[PDB]
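The structure appears right after this line, and notes come after that.
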Protein chains: 4
Amino acid sequence: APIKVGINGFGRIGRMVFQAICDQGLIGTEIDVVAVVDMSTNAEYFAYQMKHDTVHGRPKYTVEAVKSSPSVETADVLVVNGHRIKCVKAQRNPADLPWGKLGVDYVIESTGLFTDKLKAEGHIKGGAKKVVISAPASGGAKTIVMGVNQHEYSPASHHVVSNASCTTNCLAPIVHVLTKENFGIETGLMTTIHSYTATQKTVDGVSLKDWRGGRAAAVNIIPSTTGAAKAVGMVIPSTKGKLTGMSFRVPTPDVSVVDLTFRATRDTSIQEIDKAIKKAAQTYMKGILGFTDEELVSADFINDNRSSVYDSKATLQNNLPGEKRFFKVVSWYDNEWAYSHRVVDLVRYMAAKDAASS
Amino acid sequence: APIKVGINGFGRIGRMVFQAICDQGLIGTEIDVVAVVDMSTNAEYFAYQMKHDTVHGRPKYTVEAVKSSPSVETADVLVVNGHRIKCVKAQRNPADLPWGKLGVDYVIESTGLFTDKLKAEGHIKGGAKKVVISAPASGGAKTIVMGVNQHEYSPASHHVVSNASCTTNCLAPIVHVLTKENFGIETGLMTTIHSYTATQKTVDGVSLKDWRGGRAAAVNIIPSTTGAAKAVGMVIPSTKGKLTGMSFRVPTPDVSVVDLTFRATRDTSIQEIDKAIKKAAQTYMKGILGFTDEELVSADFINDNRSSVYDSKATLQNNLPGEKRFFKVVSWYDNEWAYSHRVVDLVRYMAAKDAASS
Amino acid sequence: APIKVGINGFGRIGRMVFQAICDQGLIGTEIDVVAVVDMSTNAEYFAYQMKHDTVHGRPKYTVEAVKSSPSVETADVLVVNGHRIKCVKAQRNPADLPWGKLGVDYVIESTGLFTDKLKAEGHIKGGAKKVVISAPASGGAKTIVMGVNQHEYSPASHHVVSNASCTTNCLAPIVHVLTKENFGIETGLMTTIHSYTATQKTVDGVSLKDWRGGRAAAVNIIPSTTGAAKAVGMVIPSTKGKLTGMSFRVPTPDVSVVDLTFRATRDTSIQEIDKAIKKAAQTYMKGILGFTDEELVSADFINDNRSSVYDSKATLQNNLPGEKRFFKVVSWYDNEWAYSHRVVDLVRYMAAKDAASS
Amino acid sequence: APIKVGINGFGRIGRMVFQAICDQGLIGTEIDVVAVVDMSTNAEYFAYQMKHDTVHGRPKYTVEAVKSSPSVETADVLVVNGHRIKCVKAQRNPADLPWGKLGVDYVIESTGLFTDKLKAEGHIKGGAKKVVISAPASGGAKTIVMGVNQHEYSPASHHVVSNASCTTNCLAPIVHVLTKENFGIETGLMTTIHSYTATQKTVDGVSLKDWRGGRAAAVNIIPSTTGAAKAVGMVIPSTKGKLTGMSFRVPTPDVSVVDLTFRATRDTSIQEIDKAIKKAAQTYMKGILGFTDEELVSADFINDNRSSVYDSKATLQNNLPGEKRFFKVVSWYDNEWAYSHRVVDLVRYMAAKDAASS
Ligand SMILES: COc1cc(OC)cc(C(=O)N[C@@H]2[C@H](O)[C@@H](CO)O[C@H]2n2cnc3c(N[C@@H]4CCCc5ccccc54)ncnc32)c1
Ligand SMILES: COc1cc(OC)cc(C(=O)N[C@@H]2[C@H](O)[C@@H](CO)O[C@H]2n2cnc3c(N[C@@H]4CCCc5ccccc54)ncnc32)c1
Ligand SMILES: COc1cc(OC)cc(C(=O)N[C@@H]2[C@H](O)[C@@H](CO)O[C@H]2n2cnc3c(N[C@@H]4CCCc5ccccc54)ncnc32)c1
Ligand SMILES: COc1cc(OC)cc(C(=O)N[C@@H]2[C@H](O)[C@@H](CO)O[C@H]2n2cnc3c(N[C@@H]4CCCc5ccccc54)ncnc32)c1
């Protein structure tokens, strides 16, 4: 019973999620990407945008652009591994989307302009059944971080779900094992060295909301705020008002690291922490949280689909020798690749549970 | 008789030109910047954008934002070295600009949205007397490159002048001397290694017009076309259909180089050419054309206001030892800085000429 | 009869070549890498360096480090897909190497310290049969370019061969067809936009031989000289004194592009040339010279083992509309990857022929 | 009574220090740089190196190379603002240096090969009176951080002094006011986002000591260790065993930032801390410690000679709303520029104090 999904906003995130679907070989069999919606319907451009990626390389599948009617001037259909995907024209209000007429049940909202529970619900008024916002949402939409609180998802109450942010999906797992393994977390501050994103500018440009963020991205270290910290609070209730962090945008196309600094509740050691994370990574967090014993650098995580991959050497080596409460944990993440796979995971999960509960 | 000027579009180019004026110490005395126009009138932001620049550093003048009336919520006035500059609200049609009302004669069109002779004339219909487009223009506007064909300016026939492109202001001078010194130029192809611009994307983004140009700028070598070559033909009649070139946008915030390859009309030597360029650079091209005997690198030309600075060493060392016709000439240019100083020069020239002829 | 090869110098070049072998699935079966030589024998480190590459990624094979005798403190043997590779200690003079005792017939010289025919012969006096220099050589060593003049290899006369430079292996193919297809080549100047290399400095450093080359590599456009052009003369005699070029080091970790400008012997067209290259790329040049009609960028050629991949769109779009003699041809190349495969190819070629002539 | 100083090792560090002398306009008048010592005495190359700096641009003084005698083949004397500086040939053992014969009293040890108290003392045996090492030193060499503990310099007891590291000169200040203002500091962990340095590599190279540090610097986020934390322990004894930190080398040629996360001894607020730092910056720390209310990015600190410049906004905006103990303070520093100025300051201080005590 192919999950009928539709992508709204075929940009970095959008394509990444689609590529995530194809990559896992779900296209056609498990998931049915009925269509993608964007300011353009030029299937040839998307084809080009999917066949070539500066950071992730070439896709393992074949992509081709075709016309729906020999009548049309430019291709408006995308064919991936045989499957046909319609390139729908973008709309102002989601409610004006032919989701219903297309048979789309799950809508992947990745335009970044409908991060509000209310506005996002327009997709349901357009014929959709469920909406996954590929970013942090407001308006009180249920936020889920695969591997930490998917079970809290209710097919009957939650219709607009948020997968949180790429950053949150790296911290939450760590924090989860930290609290689950009773290490406790009195308070904690986290710093994130992040790769520049699409919202940044190549040369000092305009940015009325984030002045610093409007400066030459590839040649500056740009500080910035991040709700990723507080956000972990919605996913892990016991951490509300206990966390907060900041971000440092630095000259790299992709892959970011997280430097979590926290104070435990009871005496403990960095080795105890180190072993727990690894243990958890080999058990209830396997697939979501991983680790490494090697001397790696950002590029070594490109295309790593774990939400958070703990740096053992970095952590063990940079903590006070005999400290018992004040600690620093380091974990990496491929902000683009990993988050993409999680989006898909959430959809499949939602789909399954939505079907089971009938 | 302060030149009443206005700036339409206060972005990279816009400010750059305004900073050039102040930098030259013309603000207030020689040139009077009555006001600037943009999608925002937040003088504070503008002050910020001017007091801080990733590539050029801190300005030599002081900048402060003030309120026209203590009644306004956010500053709307700029104050450079005493001179007050009004921050006007942008309009859809240049004609709807209070140029006459403000007493602005010369308008610097740097929005990039009115590069067409016709649309640009709107400023005049708006009360403006003259217009200098800070970019290549169409609609049959007089294109002028200081130090090459300014004399061809007619105070009564040319009302919308174009200062050409940053690149053309580099190749033009070289070609000019190459022709004037009777070296002759049968045909010629020019490659340009260019720093990425504001139109490029930090990460693989959208770009329907220039597909490659949409790819991550700071981490790729991106080929593109350039009218800079053919354009020299408008500035130097004898080169029509003789020149053409391409570009390669590379990972640098600013500073570009030109690799001109041509064939002479009569047997000569690279040594001859070398000496001619240098001679011209110390004479009729001084201020516009410069040269260097040092082993410089892109960075070394940052803030160099010459339109084009010939690379003697690079040139002498990379040509065929005994060649007499096929040659390669190399020259750098601070694509941002220099171009800006030329626009001002162009405005001061037209001004001085427009006045002289009464 | 597995070819007995040895690698002297295990740096970027060294490893790359080895990896090229493994990558081609020749390790153990076709080619037998008896041992590698370098200032260090820490197999663990080598393993690390092979398993993680910032530019090429993770290898398709398994690499592990082991000890020759449980007696040694640190691993001194590499195990690739089962095959055992010895980590010999480096020597001052190549003749002091146990090439004979080791059973090494073909020695890949990639230290860069023995680029001279004489010094290189040291290896043979050390027991080696043939020597292939992974760089341009002097002393009068036969220089070969796979796909252009390998047929000029004399098993009985050539005991020290040079696979030329990465840049040459890109130009030669193009120049080769251009001449074979009788387009003729009166003269020509080529410009190469090259990615920075290991010899360059991260920040302004010391470089008494190449002043420019000593400037911050990832933040500048650095000109330099290059025999790559004149060198094509040694592979293609008919072009001696006709070719020459320069280089521009730019902010990228890998992949370079060649911009060849030349004048033909007879009247022709850019289309003729475009078709001739593609045709050759699909026939006698397949494997060595490829092409592409896509809007690619540097990143798109990573791990492209073709010596030279002609850019059709770039070429066709940036030449004079009706030109008949002055043309520009653009071609990309993975200076690291491709060159590495050719070195391997050359060794196998020589091996096959050296074996055939008994 | 111009201070007689000599520079041993004229590289990045070497030159920066010298340039810092000239920049402050002390050359000839206040400080007499008698000569510099390096593996090369090519004044022309040093002249070049000082006249062109990628990150710091052109100098505010003139630099020319001359010959000690018309007989010498290549210049060996440096002339800055009329002052003559001798270029002496390097030696294995500092003690073989003609310091005494040249009349040098204060030697700035910046080769990076004599960071050990014992080895460095050779300079004195060579005729020198005092030695200032421009890096962290071992062997029990007094370490001073201008603005924090210069008063602990003993003319009669300390002959070999260390100016610590660029990073310590940024952390010490903050920590100093944090303790002096009685905010206390139970424990603290500092993370530093650092620009790549000269010890790093352009492309994946060799680094037996620091494996990750051997990876492509300009295209990776590379974690490393740093004694900068523990080092502040020697400068401010009250913090022994309380601090520690790690580093993140990122893709930038200069300018680093420190992220200090500490726990106060008594309840307070980030606003309290904020005000204290700002206050101290306008009083007893002026010149050493600075702050900023602006939305600045790394590039804005280029050529800022303050040891550490506190980021108010970044701080006030990224802490827990009502926290009273767990805090995060952010501060920048031009790792090259600043440190250089401090080295000079220390020398002057030592000189003044040495003189005073007769
Ligand atoms: C791929 O081709 C192009 C071409 C283009 O301009 C020519 C823009 C983009 C681009 O920005 N593309 C955006 C980018 O890829 C991503 C957001 O980061 O989503 C895309 N996007 C932007 N706006 C929308 C939208 N509705 C808007 C809501 C706001 C008002 C409005 C009014 C009329 C029509 C649509 C809309 N619906 C779906 N995807 C969107 C892409
Ligand atoms: C400084 O703060 C901001 C804020 C902002 O959005 C919130 C956009 C910009 C920005 O893009 N700023 C642009 C940028 O700096 C530069 C082009 O590269 O010109 C700026 N620019 C863009 N459009 C205009 C304009 N009129 C437009 C022409 C057609 C449409 C239209 C409709 C109603 C009213 C005006 C206009 N007039 C002057 N400068 C402009 C700057
Ligand atoms: C991988 O581990 C390390 C560790 C190291 O220092 C600790 C250096 C290197 C390194 O530079 N490694 C070099 C690098 O990987 C590559 C060149 O790009 O070749 C390596 N290399 C440099 N010199 C030699 C050499 N002989 C030299 C010729 C000159 C005189 C001399 C005297 C005594 C002993 C050896 C030699 N033989 C083999 N490989 C070499 C590698
Ligand atoms: C500027 O031109 C050049 C040219 C050159 O080689 C041709 C090397 C350098 C260079 O490395 N330059 C180094 C670089 O600029 C800086 C370190 O960051 O210090 C330089 N440097 C390296 N070694 C020394 C030294 N003594 C060494 C100690 C080690 C053994 C030894 C043996 C005989 C004679 C001297 C020495 N004394 C002073 N500066 C040094 C610079």
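FYI, nothing fancy with the structure tokens labels: chains A, B, ... in order, residues from 1 per chain, ligands from 1 as they appear.
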
Set the distance at 7 Å and use only C-alpha atoms: which residues neighbour range 39-44 of chain A once local chain neighbours fewer than 2 positions away are removed? I'd like the list as number ranges by chain.
A: 46-48, 65, 74-78, 87-90

How would you write, as JSON, numbers by chain, the set of residues in range 152-352 of chain B that DSSP gives as alpha helix (DSSP H)?
{"B": [168, 169, 170, 171, 172, 173, 174, 175, 176, 177, 178, 179, 180, 228, 229, 230, 231, 232, 233, 234, 235, 270, 271, 272, 273, 274, 275, 276, 277, 278, 279, 280, 281, 282, 312, 313, 314, 315, 316, 317, 337, 338, 339, 340, 341, 342, 343, 344, 345, 346, 347, 348, 349, 350, 351, 352]}

Which residue, A:55, A:280, A:7, A:72, has the smallest gap to chain C when you use only C-alpha atoms?
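Smallest distance to chain C is found for A:55.
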
Near chain B, meaning an atom within 12 Å, which residues of chain A appear when counting only C-alpha atoms? Write them as a VMD selection string.
chain A and resid 9 to 16 38 to 50 52 to 57 195 to 212 214 to 222 250 to 254 336

Secondary structure check, strand (DSSP E) residues of range 88-164 of chain D, as a compact mmCIF listing (two decimals) with C-alpha atoms, in the first residue's frame:
# COMPACT_ATOMS: atom_id res chain seq x y z
CA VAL D 88 72.25 37.71 9.58
CA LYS D 89 72.74 34.08 8.52
CA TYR D 106 66.74 41.73 23.72
CA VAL D 107 66.27 38.76 21.44
CA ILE D 108 62.85 37.76 20.25
CA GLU D 109 62.99 34.00 19.77
CA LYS D 130 67.20 38.86 27.63
CA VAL D 131 65.08 36.50 25.55
CA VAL D 132 61.38 36.72 24.71
CA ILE D 133 59.95 33.54 23.23
CA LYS D 142 58.37 32.57 33.21
CA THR D 143 55.25 33.11 31.11
CA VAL D 160 64.05 33.91 29.36
CA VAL D 161 60.42 34.95 29.11
CA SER D 162 57.49 33.48 27.19

Please compute the atom 8 (C, counted along the ligand's line) of ligand 3-CA of residue 37 in chain C distance, one decimal, in Å.
11.4 Å

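The shortest atom-to-atom distance to residue 311 in chain A, with only C-alpha atoms taken into account, belongs to A:290 out of A:241, A:290, A:173, A:6.
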
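Of note, CA of residue 174 in chain D and CA of residue 314 in chain D are spaced 15.0 Å apart.
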
Å distance separating CA of residue 30 in chain A from CA of residue 3 in chain A, one decimal place:
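Straight-line distance from CA of residue 30 in chain A to CA of residue 3 in chain A works out to 6.4 Å.
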
Give one line per residue of range 208-321 of chain C that approaches range 181-194 of chain B to at most 9 Å, naming the two atoms of the closest pair and their distance in Å to one decimal, counting only C-alpha atoms; sort by chain then ascending residue number and deliver it as a Markdown table.
| residue | atom | partner | partner_atom | distance |
| --- | --- | --- | --- | --- |
| C:221 | CA | B:193 | CA | 8.3 |
| C:248 | CA | B:193 | CA | 8.5 |
| C:259 | CA | B:191 | CA | 8.2 |
| C:261 | CA | B:189 | CA | 7.8 |
| C:318 | CA | B:189 | CA | 8.8 |
| C:319 | CA | B:189 | CA | 7.7 |
| C:320 | CA | B:189 | CA | 8.3 |

Would you output that residue set with C-alpha atoms, as a PDB file, in the first residue's frame?
ATOM      1  CA  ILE C 221      44.525  33.378  -7.299  1.00  0.00           C
ATOM      2  CA  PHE C 248      46.534  29.998 -12.207  1.00  0.00           C
ATOM      3  CA  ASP C 259      41.802  26.488 -21.609  1.00  0.00           C
ATOM      4  CA  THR C 261      43.752  28.785 -27.400  1.00  0.00           C
ATOM      5  CA  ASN C 318      32.521  30.884 -26.090  1.00  0.00           C
ATOM      6  CA  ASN C 319      34.095  31.069 -29.526  1.00  0.00           C
ATOM      7  CA  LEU C 320      33.674  33.582 -32.333  1.00  0.00           C
TER       8      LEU C 320
END

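Distance annotation: of C:96, C:274, C:295, C:304, the residue with the minimal separation from ligand 3 is C:96; atom set is only C-alpha atoms and all ligand atoms.
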
Excluding residue 104 in chain C and any residue of its chain fewer than 4 positions from it, enumerate the residues within 10 Å of it, using only C-alpha atoms, and give them as a ChimeraX atom specification.
/C:3-7,32-35,98-100,123-124,126-130
